[PDB]
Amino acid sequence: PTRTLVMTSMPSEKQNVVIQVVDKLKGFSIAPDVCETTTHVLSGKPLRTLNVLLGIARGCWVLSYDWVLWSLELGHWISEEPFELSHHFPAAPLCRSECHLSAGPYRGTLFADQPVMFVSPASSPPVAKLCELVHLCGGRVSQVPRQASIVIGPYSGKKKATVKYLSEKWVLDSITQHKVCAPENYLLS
């Protein structure tokens, strides 16, 4: 399909402008959520939303709204890099670069050396999205805890000495920094 652009943390007035500029310059379809066709995520205020996180996981451009303003002014979609939100999200340019250099379809390898994980059904952010993030960044998620050495999110079941019980933020901070953060900083009781 046509590449998609996703807005996040975008106030109403700014959404209007983005929609109008895309209608003028073409080249994109606006989607509500980051998905496999998404190449650009535009943020109105640099907050770590799920769309930002999925954007990083997929190696999208994660950009300030000003990219749209200057593209309008100059009459075409201009270079993205000057507007990339690398100060807030260090991994953004790293995954974006990896993705653009990938021969086959891009998939991150951040969690490739981690053991099997199980994500709590009660996780925050929501389990389906959190599992997607782990998978996109090279991790392995089992649908049952029996096989997992890492359990992420709320867990009131029987705990084992052979398992690490971590918060969801271990996953998110790792993705944001492009490095596996220390698990002991994220112990969840």
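The numbering used is simple: start at 1 and walk along the sequence shown.
Peer 1: Quick one: higher average CA temperature factor, 80-88 or 94-102?
Peer 2: Stretch with the greater average CA B-factor: 94-102.
Peer 1: 48-56 versus 35-43: which one carries the higher mean Cα B factor per the record?
Peer 2: The entry gives the higher C-alpha B-factor average to 35-43.
Peer 1: Among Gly27, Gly139, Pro121, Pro145, where is the Cα B factor highest in this entry?
Peer 2: Spelled out: the listed residue with the top C-alpha B-factor is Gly27.
Peer 1: Quiz for you: based on the deposited Cα B-factor, which of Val151, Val134, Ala161, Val68 is highest?
Peer 2: Result of the comparison over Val151, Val134, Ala161, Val68: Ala161.
Peer 1: Could you place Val21 in the lowest, middle or highest third of its chain by Cα temperature factor, using the values in the record?
Peer 2: Tercile = highest for this residue's CA B-factor.
Peer 1: Which third of the chain does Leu5 land in by C-alpha B-factor: lowest, middle or highest?
Peer 2: Answer is middle: the recorded C-alpha B-factor places it there.
Peer 1: How does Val180 rank on Cα B-factor within its chain, lowest, middle or highest third?
Peer 2: Middle third.
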